[PDB]
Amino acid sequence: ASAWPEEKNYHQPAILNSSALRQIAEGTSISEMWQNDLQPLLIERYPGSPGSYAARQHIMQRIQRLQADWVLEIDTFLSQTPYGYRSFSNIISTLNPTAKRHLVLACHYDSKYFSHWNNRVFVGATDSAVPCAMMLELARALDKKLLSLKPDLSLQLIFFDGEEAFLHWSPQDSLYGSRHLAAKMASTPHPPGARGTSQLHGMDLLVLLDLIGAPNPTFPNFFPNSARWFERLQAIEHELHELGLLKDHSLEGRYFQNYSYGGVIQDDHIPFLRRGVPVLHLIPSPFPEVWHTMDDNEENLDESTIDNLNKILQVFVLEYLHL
């Protein structure tokens, strides 16, 4: 009876030296992400809308053009909603599908439904078009390194549909995509042919990005079972800062501070966390001031903060994967 599902508990990062950190900082482009990955998503894209389809096509096309061996799957399903039965489509992009373990980065790609108000449309810039674009830019910036994966551990990206409630949040009206996919993964043997382990046992850590893009975010260290990885984010931020590789950044105003948050925040990680998956929840507290407002738009995004977080996240992923 293999103990491979316990490997995540002992897994250590292979830390990047200064020259490597400079390389990663120089290898990501916030302007290229802005134009090529973010702007196409700054559209109305609630579940079932034409924008949802356009966003899904955009995400798939951007991953498909990369050199690394990404396997794309669209997870389409039905769920009851306040408006009756509807269809949803999660997007899953995986390197090395049969590898037993994967580090998983995720966000939601739907935008919350609002009827147009005074010619304004809700595009959820921080919620979560930026997180989507950050995952796409990470796949692009790290493409050559990721191509080398073509330690039975690889990378998976999940873009969840239906994170938002169609009305105001309620237990049944929210997290459509993640509740569905967590249950599906929990009931899927992994690796292929396994007798008693599932795709959830294979999830080393779920890094969920949400509500990113506003100025001065502060991310709490939510869970004891992922605290050591939160500490790695702190260390990476600190070293990138000291090497002069972050923009308009101070340690007093750092993003990963020493502070927990005992409360519960409902988000896409919940169906995974309640099935035992370790989660690093990259959601700020407090939420952006523009949260669930028509002002959650492009103009209110903080470019340098997103650039800095892209560098931090890319170093984190390379260190985790030993790349």
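Whichever C-alpha set is largest while still superposing within 1.5 Å between the two forms counts as the rigid core. Note that residue numbering follows the sequence shown and begins at 1.
With the rigid core held as the alignment frame, decide whether 151-159 or 243-251 lies farther from the shown form in 5 other deposited structures of this protein, in terms of RMS C-alpha distance. Looking at 243-251 and 151-159 in 5 other deposited structures of this protein, the bigger mover is 151-159.
Return whichever of 85-93 or 167-175 has the larger RMS Cα deviation from the displayed form in 5 other deposited structures of this protein, where every structure is aligned on the rigid core. Once the cores are fitted, 167-175 deviates more in 5 other deposited structures of this protein.
Missing residues between residue 144 and residue 145 in the deposited sequence, please: none, 1 to 3, 4 to 9, or 10 or more. The entry has no gap there; residue 144 and residue 145 are joined directly.
Per the PDB record, is the mean Cα temperature factor higher over 231-239 or over 109-117? Per the PDB entry, the higher value belongs to 109-117.
Can you let me know which of the two, 123-131 or 67-75, has the higher average C-alpha B-factor in the entry? Stretch with the greater average CA B-factor: 67-75.
For the CA B factor values reported in this entry, which option in 278, 271, 284, 50 has the top one? Top of the list by C-alpha B-factor: 50.
Take the CA temperature factors straight from the PDB entry and tell me which of 249, 180, 168, 102 peaks. Largest recorded C-alpha B-factor: 168.
Going by the recorded CA B-factors, say which third of the chain residue 172 sits in, lowest, middle or highest. For residue 172, the deposited C-alpha B-factor lands in the highest third.
Pull the Cα B-factor of residue 149 out of the PDB entry and bin it into the chain's lowest, middle or highest third. Tercile = highest for this residue's CA B-factor.
Quick check for you: using the entry's CA B-factors within this chain, is residue 300 in the lowest, middle or highest third? Residue 300: CA B-factor falls in the middle third of its chain.
Test of reading the entry: by CA B factor among the chain's modelled residues, which third contains residue 213? It falls in the bottom third of the chain.
With respect to C-alpha B-factor, does residue 160 fall in the lowest, middle or highest third of the chain as deposited? Lowest third.
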